[PDB]
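Down below is the structure, laid out as structure tokens.
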Amino acid sequence: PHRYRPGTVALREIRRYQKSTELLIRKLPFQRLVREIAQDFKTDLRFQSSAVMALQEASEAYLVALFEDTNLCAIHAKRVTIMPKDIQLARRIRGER
Amino acid sequence: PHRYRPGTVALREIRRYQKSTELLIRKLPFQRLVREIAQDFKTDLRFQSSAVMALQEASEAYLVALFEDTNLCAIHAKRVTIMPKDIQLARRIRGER
Amino acid sequence: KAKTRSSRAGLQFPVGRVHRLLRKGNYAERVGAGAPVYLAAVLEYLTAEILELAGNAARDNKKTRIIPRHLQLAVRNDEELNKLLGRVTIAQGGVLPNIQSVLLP
Amino acid sequence: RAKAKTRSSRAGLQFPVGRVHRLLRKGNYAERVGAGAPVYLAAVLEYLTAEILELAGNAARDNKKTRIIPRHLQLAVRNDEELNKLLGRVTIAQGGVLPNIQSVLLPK
Amino acid sequence: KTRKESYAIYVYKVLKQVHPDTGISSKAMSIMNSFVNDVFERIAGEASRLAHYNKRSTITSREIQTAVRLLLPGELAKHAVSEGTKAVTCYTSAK
Amino acid sequence: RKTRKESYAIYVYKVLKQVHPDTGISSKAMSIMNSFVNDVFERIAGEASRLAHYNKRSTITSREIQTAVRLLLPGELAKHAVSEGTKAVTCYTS
Amino acid sequence: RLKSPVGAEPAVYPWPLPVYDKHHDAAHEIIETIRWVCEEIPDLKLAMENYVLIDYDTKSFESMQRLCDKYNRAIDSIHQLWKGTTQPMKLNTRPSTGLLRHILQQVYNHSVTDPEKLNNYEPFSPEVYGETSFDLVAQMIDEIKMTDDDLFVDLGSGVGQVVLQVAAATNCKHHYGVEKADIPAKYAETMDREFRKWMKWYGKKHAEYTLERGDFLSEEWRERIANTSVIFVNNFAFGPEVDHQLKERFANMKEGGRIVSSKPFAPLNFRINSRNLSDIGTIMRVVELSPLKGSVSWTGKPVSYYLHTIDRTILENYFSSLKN
Amino acid sequence: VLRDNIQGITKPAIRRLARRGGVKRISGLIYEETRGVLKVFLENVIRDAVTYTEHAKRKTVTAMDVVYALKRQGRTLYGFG
Amino acid sequence: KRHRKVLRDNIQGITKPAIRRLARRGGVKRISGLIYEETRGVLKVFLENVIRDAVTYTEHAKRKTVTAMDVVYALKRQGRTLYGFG
Amino acid sequence: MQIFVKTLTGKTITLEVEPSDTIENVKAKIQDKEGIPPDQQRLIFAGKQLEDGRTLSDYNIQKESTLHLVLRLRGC
DNA sequence: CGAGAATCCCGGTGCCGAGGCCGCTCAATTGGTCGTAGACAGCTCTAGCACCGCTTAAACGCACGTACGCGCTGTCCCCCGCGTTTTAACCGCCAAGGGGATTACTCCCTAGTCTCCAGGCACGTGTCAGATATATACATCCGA
DNA sequence: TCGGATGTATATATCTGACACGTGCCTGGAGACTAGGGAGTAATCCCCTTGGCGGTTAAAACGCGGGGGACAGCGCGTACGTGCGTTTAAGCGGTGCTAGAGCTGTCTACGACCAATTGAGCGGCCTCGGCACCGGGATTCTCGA
Ligand SMILES: Nc1ncnc2c1ncn2[C@@H]1O[C@H](CSCC[C@H](N)C(=O)O)[C@@H](O)[C@H]1O
Numbered sequence: 039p040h041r042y043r044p045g046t047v048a049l050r051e052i053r054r055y056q057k058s059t060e061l062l063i064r065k066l067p068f069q070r071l072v073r074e075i076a077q078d079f080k081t082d083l084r085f086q087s088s089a090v091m092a093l094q095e096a097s098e099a100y101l102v103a104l105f106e107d108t109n110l111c112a113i114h115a116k117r118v119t120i121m122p123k124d125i126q127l128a129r130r131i132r133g134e135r
Numbered sequence: 039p040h041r042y043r044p045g046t047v048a049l050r051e052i053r054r055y056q057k058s059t060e061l062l063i064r065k066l067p068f069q070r071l072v073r074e075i076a077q078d079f080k081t082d083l084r085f086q087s088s089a090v091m092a093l094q095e096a097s098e099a100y101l102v103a104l105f106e107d108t109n110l111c112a113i114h115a116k117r118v119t120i121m122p123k124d125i126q127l128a129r130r131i132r133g134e135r
Numbered sequence: 014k015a016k017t018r019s020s021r022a023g024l025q026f027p028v029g030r031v032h033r034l035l036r037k038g039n040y041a042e043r044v045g046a047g048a049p050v051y052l053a054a055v056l057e058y059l060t061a062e063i064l065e066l067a068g069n070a071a072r073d074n075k076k077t078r079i080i081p082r083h084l085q086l087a088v089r090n091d092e093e094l095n096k097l098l099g100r101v102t103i104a105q106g107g108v109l110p111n112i113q114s115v116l117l118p
Numbered sequence: 012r013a014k015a016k017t018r019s020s021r022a023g024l025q026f027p028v029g030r031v032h033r034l035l036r037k038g039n040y041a042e043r044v045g046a047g048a049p050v051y052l053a054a055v056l057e058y059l060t061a062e063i064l065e066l067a068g069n070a071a072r073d074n075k076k077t078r079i080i081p082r083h084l085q086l087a088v089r090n091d092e093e094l095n096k097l098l099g100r101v102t103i104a105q106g107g108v109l110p111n112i113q114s115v116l117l118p119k
Numbered sequence: 032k033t034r035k036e037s038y039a040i041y042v043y044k045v046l047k048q049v050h051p052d053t054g055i056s057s058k059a060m061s062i063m064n065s066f067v068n069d070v071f072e073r074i075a076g077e078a079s080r081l082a083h084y085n086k087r088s089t090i091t092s093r094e095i096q097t098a099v100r101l102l103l104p105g106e107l108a109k110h111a112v113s114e115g116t117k118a119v120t121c122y123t124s125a126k
Numbered sequence: 031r032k033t034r035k036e037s038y039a040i041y042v043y044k045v046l047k048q049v050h051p052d053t054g055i056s057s058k059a060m061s062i063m064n065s066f067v068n069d070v071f072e073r074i075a076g077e078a079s080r081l082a083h084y085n086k087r088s089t090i091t092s093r094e095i096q097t098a099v100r101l102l103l104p105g106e107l108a109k110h111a112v113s114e115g116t117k118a119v120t121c122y123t124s
Numbered sequence: 008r009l010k011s012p013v014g015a016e017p018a019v020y021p022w023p024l025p026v027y028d029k030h031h032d033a034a035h036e037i038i039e040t041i042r043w044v045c046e047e048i049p050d051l052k053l054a055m056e057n058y059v060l061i062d063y064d065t066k067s068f069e070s071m072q073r074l075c076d077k078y079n080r081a082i083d084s085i086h087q088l089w090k091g092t093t094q095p096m097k098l099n100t101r102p103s104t105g106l107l108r109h110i111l112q113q114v115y116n117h118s119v120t121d122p123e124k125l126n127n128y129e130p131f132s133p134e135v136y137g138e139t140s141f142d143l144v145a146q147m148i149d150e151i152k153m154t155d156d157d158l159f160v161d162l163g164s165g166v167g168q169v170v171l172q173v174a175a176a177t178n179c180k181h182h183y184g185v186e187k188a189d190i191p192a193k194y195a196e197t198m199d200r201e202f203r204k205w206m207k208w209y210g211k212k213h214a215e216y217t218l219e220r221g222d223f224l225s226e227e228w229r230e231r232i233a234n235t236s237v238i239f240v241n242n243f244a245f246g247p248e249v250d251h252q253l254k255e256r257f258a259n260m261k262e263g264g265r266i267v268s269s270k271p272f273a274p275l276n277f278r279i280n281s282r283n284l285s286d287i288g289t290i291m292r293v294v295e296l297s298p299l300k301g302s303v304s305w306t307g308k309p310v311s312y313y314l315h316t317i318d319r320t321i322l323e324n325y326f327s328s329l330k331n
Numbered sequence: 022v023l024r025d026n027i028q029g030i031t032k033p034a035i036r037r038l039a040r041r042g043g044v045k046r047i048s049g050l051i052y053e054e055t056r057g058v059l060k061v062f063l064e065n066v067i068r069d070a071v072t073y074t075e076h077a078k079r080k081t082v083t084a085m086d087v088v089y090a091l092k093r094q095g096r097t098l099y100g101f102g
Numbered sequence: 017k018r019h020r021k022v023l024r025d026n027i028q029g030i031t032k033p034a035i036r037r038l039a040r041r042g043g044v045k046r047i048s049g050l051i052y053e054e055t056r057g058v059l060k061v062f063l064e065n066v067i068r069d070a071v072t073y074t075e076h077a078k079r080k081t082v083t084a085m086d087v088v089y090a091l092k093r094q095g096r097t098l099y100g101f102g
Numbered sequence: 001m002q003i004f005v006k007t008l009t010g011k012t013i014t015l016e017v018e019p020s021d022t023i024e025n026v027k028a029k030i031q032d033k034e035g036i037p038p039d040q041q042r043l044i045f046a047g048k049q050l051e052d053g054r055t056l057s058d059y060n061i062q063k064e065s066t067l068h069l070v071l072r073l074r075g076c
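Protein chains in written order, with the UniProt record's numbering: chain L, 39 to 135; chain W, 39 to 135; chain X, 14 to 118; chain Y, 12 to 119; chain A, 32 to 126; chain G, 31 to 124; chain Z, 8 to 331; chain R, 22 to 102; chain C, 17 to 102; chain P, 1 to 76.
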């Protein structure tokens, strides 16, 4: 019944995700999401799969930068765990909305 | 020996400074500072006093926006008082440096 | 022969001056027909929105003369123009009168 | 009746003077385009490309690789001091991020 | 003796169209002047980038419309779209 | 048969070989570098255009490119890039 | 009237003393000169504690006559020490550190007599009249053992007080210097002639130098750059035309050219490829020299001059890699 | 027409992005908050990209339109033109 | 009086209550002491960023003078646009 | 006939040379067995740069004249 | 610290993009002209620029004192780690199909030239909205 | 919870000097006509995109101890407020003043523009080799001891 303590299984594969970097997002449900949220702006929008992969890369890096600054928010709050008030804080300071 | 509690003399004149808004920065030592820090980039830089007043307005609003987001940092840290780690946090999240 | 092509489009912002800046601005080879007309119309509508928001603060402060404080409160107290002009700064006005939650004893 | 030289060799360089000059004309940037301007601009791109591929090949040899993949460009950007400040508003696909561990999350 | 072509009288006329019984300080006039040049240059550069991005050489009203729908927040953008639509319609009917 | 689209690929090849003799590039990274150089090109072109607008010219020269380089690049990056342009325009001059 | 210690011509002074400013003008200067005479061989502090006190009224010609006559009696006492069976003085000995700092400040006062028209100069060109303290130059001299062969070049000498510091410091044969802006070149001639008279008045050796009023574009300076190893100019406000031209001048030089710069010609961590064969950082080692480092200069941050030192072993090991 | 696809962004996927960003421990509301933020960001970009594609009078979304919308976002993703 | 027109110490000119004055503008109930030095450093770096740009504008316009237009265009390239001067 | 070059790497290079060989011929040979671009390769022959219009025997370069690899840098 | 749990690396196997080479444009490049754009003399004039009187608000320190920061302590609860059980992910295959690049082929829209012209911008004006002195009610705080 | 006592808007005489309104003029802005070339459309043709079937399966979803962070308060000392002398430098407002910024008259470099001329540069064809991948085995934490 060997089981690691928490934080281990965090930091190992934090290392693997920071090194092995491909998409880390299942692009078929992602692509169905993009097709749905684009369908409401205009019906019958053909894509390029290259364009949807570009969207995946952009959203990936966007949420990762948001996560990093949000992690800085939680560290500055002296909290190991991230709560979504950190996210709202970071989006307020960056001035998205 | 009438003396207010702290927080009063904060919030009154927080109201006055948010309403009565002119420069709130002594423009002659400010102007000597600007002349000094511009002198190192190039000697003998004549100004326009309008330009230096524009610098005062810009730096005023810049530091005030920094202060507001820094205050949000301290509130999110559940701290009433602002420490300069809040400033470093806010400049990191805004991505100045 | 006074013509005033903005009023010939029913407007207030100049057709010839905006067309001059488009020809000077190197924005394309040629300037289209309705392009400075539509441009001046959108400018006039946005400026009307701004001054409509400025006159409200003029009412608020018993002032018959619009000031930078009026402009500041007009821009910041908007929702969408605040989003448009968040990276935009106005001198001489100040900020919103804004007190946070946990500072009031 | 002389033979045609080339302006990049006339500049003693590697980047296309003619293509940059064509894009400056077709870019609608000014009415007219100076002579030394696309030369200078091709040099600026030459220095930037050389500087980024220096660090790209550095990261590639650090991973002992020959075909430079986007990972090494990503690391070349965000590991350099001035380049990241240049390219803070810049996102590069297929690279992921730096090895970035917040030390307070590390255990004892 | 020189010319610094401000847009002050335009602000005068629009202010008398929307709030006729109030004035303006010249400081506020310069603020609005910088505002108008900002909005102009942003929409103009947006349309110029659009003209290069679609391989064409003549920025027209549809291009400015796309530039507005890009650059402004959306509901006010649709308002300004309708305003300029009716205005260009008035330019066509009274050419 | 395809239409001769522009790219920077042979010049990235020349730069890549002249910095490292036996180093390659992935084609994704090739398109990245092409987009990068087009980005930097558009930035410097727009800034020189705004400068010529701000000083009322018609012909952007290498003076304006130098100034926009000095405006846009951070620090020692600019300090070397202007010298690269100096050498290159000097070589092109004669 | 203050003599050289070998009984030579006295440094004659006017009454009133030459007023340059209010903060540390020439009244305090003569007094500190004889405070360095107290820092010399001590046969005068016995009289300097007496009535040359810090308390004295402004424009004390009484303290001036006291100071001059006590110094004349001190030189007469050193002469009564000398004139027996004793040699007077070794000539070629050098001034010490703070002594030479006083000497350079002394040449600055007694030569630079109009900083105002020195401030009133022309627009953007390498005419930027920014100077360097005694101390970074002194530490740089400590960093670079300038021999009788390793001379110094200041193309764009300004007023060349740095060159005088190098001359009075090292064991060099000669030094170079040239200048383009007219008012500081005329005042540099004043600095030259006065400082030579000053080192006469101290009886101590200063090394040779050539300060000029001219340019660097000529092939004469190409040849002289190829001759002389150790080179510095405060190049920070010159523009990359001039600086790259000077790189091209430095290309033809000998190995180990201990060349200091202010703004560097190459990064401190420079690496070679095949592109930079035309460039200049390949054939040199680019290292940072130590600043003041307590430096409320022009810059509130320290100054941090930068040494370049010629080394083509980088490029020859690059040739070994080209074999590889 | 489609549905449920914002929850198609999965709890492991947000977890994988978090473990890339350096997140040690996640809270529960992080998932729905991140989905909402992603949805707002994607609407802002995709509306612009659709505006480009319709302005080209085309029906097919290119990579370049996404590139131009990200250029409006001050982000400017490479790899595509 | 006088010598070379050199300014050497003016960071204190952003004074202790003026920083406090701007913090009360920002709506701060209570301020630590290190905010003073930190804010002086931050403003100094920000002014370096703007003033390099404005000086560069002056050098390209080949003047000796800092106009308001230089400052406005400098802040325009900062991505923090200021109005009221052009 | 065979001459030499004392490099600043100290490589006493074997030079397959003949009096019929030019200066550029030896420069290309140094490019061959050294990898060095011959744009710069001054060789100290009694304090003279050798020029490709002449040959080895035009300078009458004696065999075992151990020259010196000088780099008149013509990236330039 | 020792069994486990990954993990680094070594080496063998194959593979599909890079990449060198092949043909064939058309865009660079030479060589001309031809207008014209900023470049430099050269000039007015105004606007920072010291300076100082001279008052003066305000900063600076300082005894107090107090609200806060935070180390700490239970506590609790909720995410984490790995396990078992689904489930579309994903990879390839077939097949249409419409949509985006192309040629072709006019067409009509704007650049440009010329000419009138009127309205925008110094310029100068009155002039009156508000700034400020002086008194006057009042949301809030000290505290019993 | 409200007496004392505050600096808090409200109100009103008295400047005043910034701000709305003629003005005049001239100088950039509005029509007539060309033309030619960007651009709109007719046609089409290939080609990438969508959609579906099927096979595998990694990967996602519940769940369940458990253990580590969140979090509530405390208390204690600390630093940060505050009125107040003091003290200190700052602003307002006079002076000249001059250095630098804006306008003008060439004008000559000096780059748009067209036309030979062709060769660098791109579409496409093997190819093969760095890398993808897999499999084995040495190497390295680890977490309950
Ligand atoms: N090419 C050149 N030839 C001669 N002098 C030059 C020059 N380029 C610039 N200068 C001069 O170099 C001087 C530098 S000012 C340096 C001051 C002094 N050397 C010091 O630092 O202590 C300027 O006055 C300028 O006139």
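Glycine is no exception: its CB is placed at the ideal position from the N, C-alpha and C atoms.
If you draw a straight line from the Cα of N127(Z) to the Cα of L111(Z), it is about 23 Å long.
For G137(Z), the nearest CB of chain W lies under 8 Å from its own CB, placing it at the interface with that chain. Using a CB distance below 8 Å, the part of the UniProt domain "Core Histone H2A/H2B/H3" (44-131) of chain L facing chain W consists of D107, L110, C111, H114, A115, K116, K123, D124, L127, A128, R130 and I131, ordered along the chain. Within 7 Å of the C-beta of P191(Z) there is at least one heavy atom belonging to ligand 1. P122, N126, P130 and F131: these are the residues of the stretch 117-142 of chain Z whose beta carbon lies less than 7 Å from some beta carbon of chain C, given in chain order.
For the pair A39(C) and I47(C), the CB atoms are nearer than the 8 Å cut-off.
If the five residues before and after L127(L) are omitted, its C-beta is found closer than 6 Å to the C-beta atoms of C111, all from its own chain and listed in chain order.
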